[PDB]
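*Asks:* Please see the structure below; I have some questions.
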Ligand SMILES: [Rb+]
Ligand SMILES: [Rb+]
Ligand SMILES: [Rb+]
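Residue numbers (the entry's author numbering), protein chains in the order written: chain A, 21 to 113; chain B, 21 to 113; chain C, 21 to 113; chain D, 21 to 113.
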């Protein structure tokens, strides 16, 4: 509950940072930058977007190292502390 | 057993949702949409397919966050509660 | 030791299967098919190669679900039961 | 502390190796090679860069298997032994 709340907030802030950075330095629209930030930190990494500037590459290196742990923490607690009880609730006779 | 059964079903439903969504909104064939849904949620993310519409990008953000935990749960219990005993069975003298 | 040995063998067989499949059905050279099989099951997924046939897409769906757990098992025990002691050995005064 | 210190050093050395290898054999600039090494070992795998030579493909296979465990170890202990207390410190009334 409180754990999930913190991780949601932390995830939102990280994604806001990426949205601002990539829309500014890499010139992406502020939906494409959000989309790209999510595709990056979840490691899906389609490559339809990727940094073309050296500033962007360096930021992306740091963004990945800092952001992956947080994003996957959130995914983990979202699945465990929100999705897992909910699926069980849909089971009990 | 019962755990694996639930996770298979949950995984199938998630993949059906993606198949329907991406075939409709992104115009993919209903084998390409399934393939793309799997490549996305397993985070392989080749990028031979990716959403081109804003609707598709927004759905993909949510689809990844909701679906990755479930898909990797299934992969985990498939490997542990199905593959792991099977490999041991092929070992015992 | 015995654990790592089994996982290496299991990983090799999975990669041989992919090498054979993608060189045959997708027409890749039998170094490109191995390379592509590894890039797939480790989820790096560059997309410089990807299946173009429906046979290839369907196999890839199944290959990912079956193979990821095994490959990451091996990576995990390679890091823990081989790399982790080795790094400690290079430490003790 | 000491754990994180070792993993940072180990991660740096692995990334230096990739930077040297891909700048030499694949002809990348020594910022693009670092960027590509990071995108590879974190499994983001955009594919804006990828090995074009057989030497590069073979090295990449081995680099991924050896490097992923270490890089994700570092990410894990960076998130747990550095980020996790820091976020808690910003919480206590
Ligand atoms: Rb990935
Ligand atoms: Rb990827
Ligand atoms: Rb990719």
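A virtual CB, placed ideally from N, CA and C, is assigned to each residue, including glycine.
Between which two residues does the alpha helix (DSSP H) carrying residue 25 of chain D extend?
*Replies:* Note, residue 25 of chain D: alpha helix (DSSP H), 22-45.
*Asks:* Using the Cβ count rule (16 or more neighbours within 10 Å means buried), how would you classify residue 64 of chain C?
*Replies:* It counts as buried.
*Asks:* What separation, rounded to the nearest whole angstrom, lies between the Cα atoms of residue 102 of chain C and residue 95 of chain B?
*Replies:* Their backbone Cα atoms lie some 24 Å apart in a straight line.
*Asks:* Quick check on the contact list: which residues have their beta carbon closer than 7 Å to a heavy atom of ligand 3?
*Replies:* Selection output, chain order preserved: A:65, A:66, A:67, B:65, B:66, B:67, C:65, C:66, C:67, D:65, D:66 and D:67.
*Asks:* Where does residue 72 of chain D sit, in a helix, a strand or coil, going by DSSP?
*Replies:* Reduced to three states, the DSSP call for residue 72 of chain D is coil.
*Asks:* Could you check whether the Cβ of residue 65 of chain B sits closer than 8 Å to any Cβ belonging to chain D?
*Replies:* Output row for residue 65 of chain B: interface = yes.
*Asks:* At a cut-off of 7 Å, is residue 60 of chain C close to ligand 1 when judged by its beta-carbon and the heavy atoms of the ligand?
*Replies:* No, ligand 1 has no heavy atom inside 7 Å of this Cβ.
*Asks:* With a threshold of 7 Å (Cβ to nearest heavy atom), would residue 63 of chain C be considered close to ligand 1?
*Replies:* Answer for residue 63 of chain C: yes, Cβ within range of ligand 1.
*Asks:* Rounded to a whole number of angstroms, what is the C-alpha to C-alpha distance between residue 36 of chain A and residue 56 of chain D?
*Replies:* Those two C-alpha atoms are separated by around 24 Å.
*Asks:* Do you know how far the Cα of residue 59 of chain D is from the Cα of residue 82 of chain C?
*Replies:* Each residue's alpha carbon lies about 25 Å from the other.
*Asks:* Using the beta-carbon count (16 or more within 10 Å), is residue 44 of chain B buried or exposed?
*Replies:* Classification of residue 44 of chain B: exposed, given that the 10 Å Cβ count is below 16.
*Asks:* For chain A, check one thing: does any of its Cβ atoms lie closer than 8 Å to the Cβ of residue 99 of chain D?
*Replies:* Yes, because at least one Cβ of chain A sits closer than 8 Å to the Cβ of residue 99 of chain D.
*Asks:* In chain order, what residues of the same chain have a beta carbon less than 8 Å from the beta carbon of residue 88 of chain A, not counting five sequence neighbours either side?
*Replies:* The answer, listed in chain order, is 61 and 63.
*Asks:* At a CB-CB cut-off below 7 Å, which residues of chain A make contact with residue 21 of chain D?
*Replies:* None at all; the shortest Cβ gap to chain A is about 17 Å.
*Asks:* Given a threshold of 16 other Cβ atoms within 10 Å of its Cβ, counted over all protein chains shown, does residue 91 of chain A qualify as buried or as exposed?
*Replies:* Residue 91 of chain A should be labelled buried.
*Asks:* Counting along the chain, where does the alpha helix (DSSP H) carrying residue 105 of chain D start and finish?
*Replies:* It spans 104-109 - the alpha helix (DSSP H) in which residue 105 of chain D sits, taken as one unbroken run.
*Asks:* Measuring only between beta-carbons, confirm whether residue 29 of chain A sits less than 8 Å from chain B.
*Replies:* No, no contact with chain B.
*Asks:* Assign residue 108 of chain B to one of two classes, buried (16 or more other C-beta atoms within 10 Å of its C-beta) or exposed (fewer than that).
*Replies:* Exposed.
*Asks:* Taking buried to mean at least 16 other C-beta atoms within 10 Å of its own C-beta, is residue 27 of chain D buried or exposed?
*Replies:* By the neighbour-count rule (16 or more Cβ atoms within 10 Å), residue 27 of chain D is buried.
*Asks:* Just to confirm before moving on: does the CB-CB distance between residue 66 of chain D and residue 67 of chain A stay below 8 Å?
*Replies:* Cβ atoms of residue 66 of chain D and residue 67 of chain A: closer than 8 Å.
*Asks:* At which residues does the alpha helix (DSSP H) containing residue 55 of chain C begin and terminate?
*Replies:* Here the alpha helix (DSSP H) through residue 55 of chain C covers 52-61.
*Asks:* Indicate the three-state DSSP secondary structure (helix, strand or coil) for residue 83 of chain D in the structure shown.
*Replies:* Helix, per DSSP.
*Asks:* May I have the straight-line CA-CA distance separating residue 110 of chain B from residue 75 of chain C, to the nearest angstrom?
*Replies:* So the alpha carbons of these two residues sit roughly 29 Å apart.
*Asks:* Distance check for residue 34 of chain D and residue 73 of chain A, CA to CA, integer angstroms please.
*Replies:* Looking at the two C-alpha atoms, the distance is approximately 24 Å.
*Asks:* Which one of B:100, B:31, B:106 and B:84 has the shortest CA to CA distance from residue 98 of chain A?
*Replies:* Minimum Cα distance to residue 98 of chain A is reached at B:84.
*Asks:* Could you tell me whether the Cβ of residue 83 of chain A comes closer than 8 Å to any Cβ of chain B?
*Replies:* No, residue 83 of chain A lies away from the interface with chain B (no Cβ there is under 8 Å from its Cβ).
*Asks:* Against chain A, does residue 89 of chain B count as a neighbour if the rule is that its beta carbon must be under 8 Å from one of theirs?
*Replies:* Yes, residue 89 of chain B lies at the interface with chain A (some Cβ there is under 8 Å from its Cβ).
*Asks:* Of all the options B:38, B:52 and B:78, which has the alpha carbon lying nearest to the alpha carbon of residue 79 of chain C?
*Replies:* Nearest C-alpha to residue 79 of chain C: B:52.
*Asks:* So is residue 23 of chain C buried or exposed if we call it buried at 16+ other beta carbons inside 10 Å?
*Replies:* Answer is exposed; the Cβ neighbour count stays below 16.
*Asks:* Does the beta carbon of residue 25 of chain D come closer than 8 Å to any beta carbon on chain A?
*Replies:* No, its Cβ sits nowhere closer than 8 Å to a Cβ of chain A.
*Asks:* Going along the chain, which residues of its own chain have a beta-carbon closer than 6 Å to the beta-carbon of residue 9 of chain A, five neighbours each way excluded?
*Replies:* The structure shown does not extend to residue 9 of chain A, since chain A is modelled only from 21 to 113, so the question has no answer here.
*Asks:* Is residue 93 of chain B helix, strand or coil when you go by DSSP?
*Replies:* Helix.
*Asks:* Report yes or no: is there a C-beta of chain D within less than 8 Å of the C-beta of residue 62 of chain C?
*Replies:* By this cut-off, residue 62 of chain C is an interface position.
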